[PDB]
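Residue numbers (the authors' numbering), protein chains in the order written: chain c, 463 to 513; chain N, 2 to 208; chain X, 2 to 208; chain W, 2 to 208; chain M, 2 to 208. Cβ coordinates follow ideal geometry from the N, Cα and C atoms, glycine included. Below: the structure, in structure tokens.
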């Protein structure tokens, strides 16, 4: 799915909707900044069937 | 307004359900199922149709799109009367005893035909007012009156069909309830279109 | 539209069920089971049939496709009266006392035959209006009016049969409920097709 | 169609239950149990039978496959009347008081015989209309009318018997309910074959 | 006040829902959906509209914005009478028997037209008072009376649509209940506007 921008220190989360069986996440950091990354959290709605 | 034609409906359904793996044929099948279900429930003004039908062989052929009958009226040349329904036994008695009224007055249903008692030669015009089926929604027919009148009905029906397809229970029931509520609201709006007409067409012929 | 012939129905059933172990024979068996179940419930306009039957040996043979009788009418040569049903005792009394009415008036059921009281010579035509069984849906007969009128019925029936075959029960009940709802909707529409005729054909000879 | 004879029924039962270890004897026993259960519940047109019986020794012997009686009618040469049922006390009173009516009018049941009051010499013909038992399904009798009329009944009965044999209870009662529903549907269809005959054949000798 | 135009409504909905993935198209879709839902429920003073319609071919064409009829009154030149509704049978009887009253008195509905009995030549003016649909809220029409009268209705409807879009159901029910309560409050306030008028417009033509 399309890239979701996230501003470090201001934004609390990113909102999306992605139904699937196996999930995959990718984080892309540009430069001109220093960042520490120590985990995350996934918030999911109730399941959407078995197909 | 809102959803315009079938392509936007399919796009909106895909966006809401997020299932990008659905092909066009599956969406067409879902839309056809929704239309078929609607054909059995809706009797509204946009669904009505009145037209002149000829009489051949002492009978009138039922139109292929017929779903419900409202009225049959003879032409002024043959009496100009609103026909009344009689059973087979009454028809047989009238035929045997040569009732011979002035014009065409009675009708009955035999097979796929409407037989009028005062048998008239071929070529007798009648005015039939009835209800038809909803127009089919597909690529060849991108737009229909139902889609432009209340798009939520089609959106909810397609969503319910999709969730039936993916074998999910709770969401399918939820969207089915939503579709049923939308259909009920649409029917109720037309049922209360004219307050005066509500009293009539209910208490007719008691004896 | 939607589903047009048997092959599309089978493809749609396979797609919805997501089983690839179902052969052609199993699908034919499921379709036959659904048709057999439908044969015991549907009494609609397309199911009707009226035809001229001859009389042999003072009786009329019940057609092999017969499922429910609507009316029997004599030909105008032999009176042209709509027949009435009498029991066996009344038949015996009429025979013994030589009632001798004008034309054929009464009939009763004996075995697989309809016996008329004013015993007529062989070759007396009658007009019988009744209900038949649903046409067989198979490879040799790929299209029927039932499929083209409401494909959801066949789709849900085949899905319920499929889930029965795979030794699953809950989804079988789910699809059975859906199929029953569809059948009830179709029957209700057929019943409400004509408001005027609904009042009649309910109360007959009370005394 | 659907299922044609016993071998296809056994093959379908094996396929549905997946139990390939069942011998042919067990399947024959299951089919026999199903038809024995059916014999106690079905009274349909195909089950009916009327035939001419001789009276010997002042009585009529009940047929061996008799299951339910509908009517007994004397021959026109012996009086041509429809017999009526009386108790033993009324029979004794009629015998003692020398009633002497015109022809054979009454009958009663004694052991395995029907005794008529106006005792007739040996050789009196009667017309008896009654119900028989269903034909046995086996290798010697591959096809019966019941199998060709509604195969679901036999399929569900065999499945229920199989799940009883495998000492499973949930599926056994599920399939038993399914079989009972099928039997009730068939009986209901037969009961509503003709509307007029439903009211009659009920009120006989009230006083 | 509060929310003045569509842009403020969209901003407030985005702020309350806390989502950021909603584009302009989705917000327009949600606003259209809630307006369409409102069109089937609200019958208030601001929704009313009375106008002069001409008569052509012995009938008056129903306006495309029509949703419910209040009254039809003839022009003083043509009689100045408030019309009354009659069924098709009464219309046919009046036509056949040449009732000939003074002015236009009766009307009936045929298809998409109102036919008046004392057939008048084309150009006869009538005054029709009825209800229309709510104005479309969009970028081209940023303000409507409905938004300025009770912004909570639109806010709650958009929130419910948003939560429906994100496949969350409980909050959708929550906001739907809120919206229904707001709509009921508005309708009750409109109904209780005049105490004297409440008693009337309820009991009519009892006989």
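Opposing strand residues paired with residue i [DSSP bridges]
{"i": "residue 507 of chain c", "result": "According to DSSP, which records beta bridges pairwise, residue 507 of chain c is partnered with nothing at all."}
{"i": "residue 110 of chain W", "result": "W:115"}
{"i": "residue 50 of chain W", "result": "W:131"}
{"i": "residue 62 of chain X", "result": "X:114"}
{"i": "residue 55 of chain W", "result": "W:126"}
{"i": "residue 69 of chain M", "result": "M:132"}
{"i": "residue 86 of chain W", "result": "W:108"}
{"i": "residue 74 of chain M", "result": "M:83, M:128"}
For residue j and residue i, the rounded distance between their alpha carbons
{"i": "residue 42 of chain N", "j": "residue 181 of chain X", "result": "16 Å"}
{"i": "residue 31 of chain W", "j": "residue 20 of chain W", "result": "14 Å"}
{"i": "residue 170 of chain X", "j": "residue 511 of chain c", "result": "18 Å"}
{"i": "residue 40 of chain N", "j": "residue 183 of chain W", "result": "30 Å"}
{"i": "residue 46 of chain M", "j": "residue 185 of chain M", "result": "15 Å"}
{"i": "residue 139 of chain X", "j": "residue 190 of chain X", "result": "27 Å"}
{"i": "residue 207 of chain N", "j": "residue 199 of chain X", "result": "13 Å"}
{"i": "residue 62 of chain W", "j": "residue 90 of chain W", "result": "21 Å"}
{"i": "residue 486 of chain c", "j": "residue 148 of chain X", "result": "44 Å"}
{"i": "residue 176 of chain N", "j": "residue 66 of chain X", "result": "42 Å"}
{"i": "residue 188 of chain N", "j": "residue 482 of chain c", "result": "38 Å"}
{"i": "residue 143 of chain N", "j": "residue 137 of chain N", "result": "9 Å"}
{"i": "residue 165 of chain W", "j": "residue 464 of chain c", "result": "58 Å"}
{"i": "residue 110 of chain N", "j": "residue 108 of chain M", "result": "30 Å"}
{"i": "residue 174 of chain X", "j": "residue 173 of chain W", "result": "16 Å"}
{"i": "residue 239 of chain W", "j": "residue 179 of chain W", "result": "Here chain W covers residues 2 to 208 and nothing more, so residue 239 of chain W does not appear."}
Closest Cα partner of residue i within the set the options
{"i": "residue 77 of chain X", "options": "N:34, N:97, N:187", "result": "N:97"}
{"i": "residue 28 of chain X", "options": "X:177, X:8, X:75", "result": "X:8"}
{"i": "residue 82 of chain N", "options": "M:38, M:93, M:11", "result": "M:93"}
{"i": "residue 3 of chain W", "options": "W:184, W:17, W:120, W:152", "result": "W:152"}
{"i": "residue 155 of chain N", "options": "M:6, M:26, M:88, M:34", "result": "M:34"}
{"i": "residue 54 of chain X", "options": "X:131, X:165, X:136, X:187", "result": "X:131"}
{"i": "residue 204 of chain M", "options": "N:113, N:196, N:80", "result": "N:196"}
{"i": "residue 64 of chain X", "options": "X:121, X:74, X:174, X:50", "result": "X:50"}
{"i": "residue 104 of chain X", "options": "X:121, X:52, X:167, X:193", "result": "X:121"}
{"i": "residue 133 of chain N", "options": "N:150, N:22, N:70", "result": "N:70"}
Beta carbon proximity, residue i to chain c, threshold 9 Å
{"i": "residue 164 of chain N", "result": "yes"}
{"i": "residue 167 of chain M", "result": "yes"}
{"i": "residue 21 of chain M", "result": "yes"}
{"i": "residue 161 of chain N", "result": "no"}
{"i": "residue 49 of chain N", "result": "no"}
{"i": "residue 18 of chain N", "result": "yes"}
Assigned exposure category for residue i - 16 Cβ within 10 Å defines buried
{"i": "residue 146 of chain N", "result": "exposed"}
{"i": "residue 161 of chain X", "result": "buried"}
{"i": "residue 18 of chain X", "result": "buried"}
{"i": "residue 117 of chain W", "result": "buried"}
{"i": "residue 129 of chain N", "result": "buried"}
{"i": "residue 497 of chain c", "result": "exposed"}
{"i": "residue 5 of chain M", "result": "exposed"}
{"i": "residue 48 of chain X", "result": "buried"}
{"i": "residue 201 of chain M", "result": "exposed"}
Min CB distance residue i to chain X below 9 Å
{"i": "residue 107 of chain W", "result": "no"}
{"i": "residue 76 of chain N", "result": "no"}
{"i": "residue 101 of chain N", "result": "no"}
{"i": "residue 146 of chain W", "result": "no"}
{"i": "residue 28 of chain W", "result": "no"}
9 Å Cβ cutoff, residue i in contact with chain W
{"i": "residue 128 of chain X", "result": "no"}
Residue-level contact to chain M via CB, residue i, 9 Å cutoff
{"i": "residue 155 of chain N", "result": "no"}
{"i": "residue 44 of chain N", "result": "no"}
{"i": "residue 201 of chain N", "result": "yes"}
{"i": "residue 82 of chain N", "result": "yes"}
{"i": "residue 172 of chain N", "result": "yes"}
Cβ of residue i within 9 Å of any chain N Cβ
{"i": "residue 193 of chain M", "result": "no"}
{"i": "residue 418 of chain c", "result": "Within the shown structure, residues of chain c are numbered from 463 to 513, placing residue 418 of chain c beyond reach of any answer."}
{"i": "residue 183 of chain M", "result": "no"}
{"i": "residue 32 of chain X", "result": "no"}
| query | Given a limit of 8 Å on CB to CB distance, which residues of the region 471-491 of chain c reach chain B? | reply | Note that chain B does not occur in the displayed structure, where the protein chains are c, N, X, W and M.
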